Amino acid sequence: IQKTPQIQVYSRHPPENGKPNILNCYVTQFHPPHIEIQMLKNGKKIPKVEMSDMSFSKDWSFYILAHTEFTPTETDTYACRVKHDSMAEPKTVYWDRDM
Amino acid sequence: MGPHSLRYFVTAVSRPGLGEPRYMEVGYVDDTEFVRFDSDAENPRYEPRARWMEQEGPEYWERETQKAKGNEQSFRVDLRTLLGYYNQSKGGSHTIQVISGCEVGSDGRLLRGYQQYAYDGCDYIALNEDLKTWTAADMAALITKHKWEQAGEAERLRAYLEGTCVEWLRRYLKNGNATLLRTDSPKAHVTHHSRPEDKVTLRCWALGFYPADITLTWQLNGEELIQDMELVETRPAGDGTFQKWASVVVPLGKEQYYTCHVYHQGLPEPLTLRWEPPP
Amino acid sequence: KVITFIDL
């Protein structure tokens, strides 16, 4: 039985244009543990992306937090793309400043 | 300071063609990670995940490491055995997970013991509440069950639970006590959103809190709007604290008829807020 | 302290 990843994309701090922050990609509720997470800036992959240690919850599903450093701007688009066995194609989630 | 718990979350995942199985042991005190063994490192050792564990000396770590390496071997055997039970190929990757531990009361006495296994995301076998019988989830699990009943595994577990688990939790709780009682109250605020229509979205935010447990509600003159509210799963800020929000869609001009309530253990009293257009 | 696991 496989479980489809749930994803949230958001900043550590309240977004301010031109002020350094941290962008997070929180991936939960998936199984198996193998997963591929990429963070994109204007459609292009971001290279330095730290990954936290992996953990699992009471329902056996795994969860992990991916994060990268960034300086939000008015027009830059950000997203998180997840590749996982439970899904036909990779799931891309866009960052919403108000979410 | 009432009920407490000490649990180990174990993971063994086969990686045919890429190397040896990945093995991890992660311990929790009151749902707080305190120790971790990860076999995918240098010369794998048990490590402190909370500064208050650093008080335990060299002996402790060496003995916990050795046990972890032995556990790793046992799980490697388990992965092989389950291919046989389920007639599965040697080329596929599979996962075994365990949750093992205990929960005590304020008096230090055992309230409940856990020893539950899972294969590929599904329950496999679990030690019942009585600490004497096992619940098998499928036919493969029945094999282990007969085997474990015969060996008296239940008795070995009850012994670990009532003694070691329980006794070590007490130790852990008196070195981690102050730390585990840590409280970071939320800072809340309301944001206002609109896309040119006759509706607005009010979003209530709770930032910087710890622990994770929290409740956000939107009220329409005393009535909780659970059915029409949108809300995210509490998430980690990445700095140790958590975040969460709850939004509601209200008619343009009626913002002042809605109130957001924030309930968290670190608050003297629940927070009450409304949309507040800036100076 | 974690328990020592046996075989399935």
# chains A, B, ... in the order shown; residues from 1 in each chain; ligands from 1
>>> closest_atom_pairs(of="chain A", to="chain B", cutoff="9 Å", atoms="only C-alpha atoms", output="tab-separated table")
residue	atom	partner	partner_atom	distance
A:1	CA	B:121	CA	6.2
A:2	CA	B:121	CA	7.1
A:3	CA	B:121	CA	8.2
A:8	CA	B:235	CA	8.4
A:10	CA	B:237	CA	8.9
A:11	CA	B:237	CA	7.6
A:12	CA	B:237	CA	4.9
A:13	CA	B:237	CA	7.9
A:22	CA	B:238	CA	8.6
A:24	CA	B:238	CA	7.8
A:26	CA	B:235	CA	7.4
A:31	CA	B:121	CA	6.4
A:32	CA	B:120	CA	7.1
A:33	CA	B:95	CA	8.2
A:55	CA	B:26	CA	8.2
A:56	CA	B:9	CA	7.5
A:57	CA	B:9	CA	8.5
A:58	CA	B:99	CA	8.1
A:59	CA	B:121	CA	8.3
A:60	CA	B:121	CA	5.9
A:61	CA	B:121	CA	7.1
A:65	CA	B:238	CA	8.0
A:67	CA	B:238	CA	8.1
A:98	CA	B:191	CA	8.3
A:99	CA	B:245	CA	8.1
>>> residues_around(residues="range 35-52 of chain A", least_positions_apart="6", cutoff="9 Å", atoms="only C-alpha atoms", output="PyMOL selection string")
chain A and resi 23-25+27+64-69+76-85
>>> write_last_selection(atoms="N, CA and C atoms", output="PDB file, in the first residue's frame")
ATOM      1  N   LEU A  23      13.063  29.429   2.525  1.00  0.00           N
ATOM      2  CA  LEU A  23      11.884  28.841   1.891  1.00  0.00           C
ATOM      3  C   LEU A  23      11.801  27.368   2.296  1.00  0.00           C
ATOM      4  N   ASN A  24      10.635  26.921   2.749  1.00  0.00           N
ATOM      5  CA  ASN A  24      10.460  25.549   3.146  1.00  0.00           C
ATOM      6  C   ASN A  24       9.531  24.741   2.237  1.00  0.00           C
ATOM      7  N   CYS A  25       9.827  23.450   2.138  1.00  0.00           N
ATOM      8  CA  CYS A  25       9.004  22.502   1.401  1.00  0.00           C
ATOM      9  C   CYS A  25       8.709  21.365   2.395  1.00  0.00           C
ATOM     10  N   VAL A  27       7.042  17.972   3.289  1.00  0.00           N
ATOM     11  CA  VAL A  27       6.471  16.775   2.688  1.00  0.00           C
ATOM     12  C   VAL A  27       6.131  15.720   3.724  1.00  0.00           C
ATOM     13  N   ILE A  64       9.338  14.692   5.965  1.00  0.00           N
ATOM     14  CA  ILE A  64      10.630  15.345   5.842  1.00  0.00           C
ATOM     15  C   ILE A  64      10.454  16.829   5.503  1.00  0.00           C
ATOM     16  N   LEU A  65      11.424  17.650   5.873  1.00  0.00           N
ATOM     17  CA  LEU A  65      11.391  19.070   5.582  1.00  0.00           C
ATOM     18  C   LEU A  65      12.609  19.438   4.718  1.00  0.00           C
ATOM     19  N   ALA A  66      12.340  20.033   3.571  1.00  0.00           N
ATOM     20  CA  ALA A  66      13.394  20.489   2.670  1.00  0.00           C
ATOM     21  C   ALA A  66      13.376  22.017   2.796  1.00  0.00           C
ATOM     22  N   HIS A  67      14.532  22.656   2.773  1.00  0.00           N
ATOM     23  CA  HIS A  67      14.537  24.120   2.867  1.00  0.00           C
ATOM     24  C   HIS A  67      15.753  24.688   2.139  1.00  0.00           C
ATOM     25  N   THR A  68      15.651  25.923   1.701  1.00  0.00           N
ATOM     26  CA  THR A  68      16.738  26.590   1.003  1.00  0.00           C
ATOM     27  C   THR A  68      16.737  28.072   1.360  1.00  0.00           C
ATOM     28  N   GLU A  69      17.883  28.727   1.242  1.00  0.00           N
ATOM     29  CA  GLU A  69      17.943  30.160   1.528  1.00  0.00           C
ATOM     30  C   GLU A  69      17.443  30.968   0.336  1.00  0.00           C
ATOM     31  N   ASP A  76       9.693  37.186  -8.563  1.00  0.00           N
ATOM     32  CA  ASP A  76      10.245  35.835  -8.654  1.00  0.00           C
ATOM     33  C   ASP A  76       9.259  34.755  -8.256  1.00  0.00           C
ATOM     34  N   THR A  77       9.120  33.707  -9.056  1.00  0.00           N
ATOM     35  CA  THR A  77       8.217  32.614  -8.710  1.00  0.00           C
ATOM     36  C   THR A  77       8.962  31.459  -8.061  1.00  0.00           C
ATOM     37  N   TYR A  78       8.411  30.843  -7.016  1.00  0.00           N
ATOM     38  CA  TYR A  78       9.088  29.714  -6.383  1.00  0.00           C
ATOM     39  C   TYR A  78       8.149  28.511  -6.321  1.00  0.00           C
ATOM     40  N   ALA A  79       8.741  27.319  -6.353  1.00  0.00           N
ATOM     41  CA  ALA A  79       7.959  26.099  -6.285  1.00  0.00           C
ATOM     42  C   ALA A  79       8.763  24.930  -5.745  1.00  0.00           C
ATOM     43  N   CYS A  80       8.038  23.885  -5.380  1.00  0.00           N
ATOM     44  CA  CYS A  80       8.612  22.648  -4.859  1.00  0.00           C
ATOM     45  C   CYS A  80       8.097  21.503  -5.742  1.00  0.00           C
ATOM     46  N   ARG A  81       8.982  20.691  -6.268  1.00  0.00           N
ATOM     47  CA  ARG A  81       8.576  19.582  -7.132  1.00  0.00           C
ATOM     48  C   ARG A  81       8.945  18.273  -6.435  1.00  0.00           C
ATOM     49  N   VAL A  82       7.964  17.393  -6.303  1.00  0.00           N
ATOM     50  CA  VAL A  82       8.184  16.117  -5.633  1.00  0.00           C
ATOM     51  C   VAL A  82       7.974  14.920  -6.551  1.00  0.00           C
ATOM     52  N   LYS A  83       8.939  14.008  -6.569  1.00  0.00           N
ATOM     53  CA  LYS A  83       8.810  12.788  -7.374  1.00  0.00           C
ATOM     54  C   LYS A  83       8.593  11.625  -6.397  1.00  0.00           C
ATOM     55  N   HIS A  84       7.552  10.832  -6.591  1.00  0.00           N
ATOM     56  CA  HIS A  84       7.305   9.713  -5.671  1.00  0.00           C
ATOM     57  C   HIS A  84       6.545   8.598  -6.370  1.00  0.00           C
ATOM     58  N   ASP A  85       6.806   7.352  -5.992  1.00  0.00           N
ATOM     59  CA  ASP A  85       6.167   6.191  -6.577  1.00  0.00           C
ATOM     60  C   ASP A  85       4.655   6.172  -6.584  1.00  0.00           C
TER      61      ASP A  85
END
>>> interface_residues(of="chain B", to="chain C", cutoff="7 Å", atoms="only C-alpha atoms", output="list in words")
residues 8, 67, 71, 74, 78, 144, 165 and 168 of chain B
>>> write_last_selection(atoms="N, CA and C atoms", output="PDB file, in the first residue's frame")
ATOM      1  N   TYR B   8      10.596   4.203  20.644  1.00  0.00           N
ATOM      2  CA  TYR B   8      11.572   4.016  19.594  1.00  0.00           C
ATOM      3  C   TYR B   8      10.879   3.712  18.265  1.00  0.00           C
ATOM      4  N   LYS B  67      24.166  -2.403  20.548  1.00  0.00           N
ATOM      5  CA  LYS B  67      22.807  -2.947  20.429  1.00  0.00           C
ATOM      6  C   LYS B  67      22.198  -2.545  19.086  1.00  0.00           C
ATOM      7  N   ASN B  71      20.688  -4.939  16.300  1.00  0.00           N
ATOM      8  CA  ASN B  71      19.304  -4.776  15.824  1.00  0.00           C
ATOM      9  C   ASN B  71      19.301  -4.696  14.295  1.00  0.00           C
ATOM     10  N   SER B  74      19.451  -8.067  12.810  1.00  0.00           N
ATOM     11  CA  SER B  74      18.191  -8.756  12.958  1.00  0.00           C
ATOM     12  C   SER B  74      17.172  -8.319  11.915  1.00  0.00           C
ATOM     13  N   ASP B  78      15.146 -10.192   8.910  1.00  0.00           N
ATOM     14  CA  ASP B  78      13.708 -10.004   8.734  1.00  0.00           C
ATOM     15  C   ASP B  78      13.311  -9.688   7.303  1.00  0.00           C
ATOM     16  N   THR B 144       4.888 -15.609  12.207  1.00  0.00           N
ATOM     17  CA  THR B 144       5.643 -14.981  13.297  1.00  0.00           C
ATOM     18  C   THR B 144       4.942 -15.196  14.640  1.00  0.00           C
ATOM     19  N   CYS B 165      12.192  -0.139  30.170  1.00  0.00           N
ATOM     20  CA  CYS B 165      11.551   1.016  29.535  1.00  0.00           C
ATOM     21  C   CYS B 165      11.162   2.035  30.615  1.00  0.00           C
ATOM     22  N   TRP B 168      14.130   3.507  32.562  1.00  0.00           N
ATOM     23  CA  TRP B 168      14.925   4.461  31.781  1.00  0.00           C
ATOM     24  C   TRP B 168      14.120   5.695  31.479  1.00  0.00           C
TER      25      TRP B 168
END
>>> select_by_dssp(residues="chain A", states="strand (DSSP E or B)", output="JSON, numbers by chain")
{"A": [3, 6, 7, 8, 9, 10, 11, 21, 22, 23, 24, 25, 26, 27, 28, 29, 30, 31, 36, 37, 38, 39, 40, 41, 44, 45, 50, 51, 55, 56, 62, 63, 64, 65, 66, 67, 68, 69, 70, 78, 79, 80, 81, 82, 83, 91, 92, 93, 94]}
>>> atom_distance(atom1="CA of residue 12 in chain B", atom2="CA of residue 70 in chain B")
12.8 Å
>>> closest_residue(among="A:95, A:72, A:90, A:34", to="residue 15 in chain A", atoms="only C-alpha atoms")
A:72
>>> residues_around(residues="residue 222 in chain B", least_positions_apart="3", cutoff="12 Å", atoms="only C-alpha atoms", output="PyMOL selection string")
chain B and resi 217-219+225+257-261+272
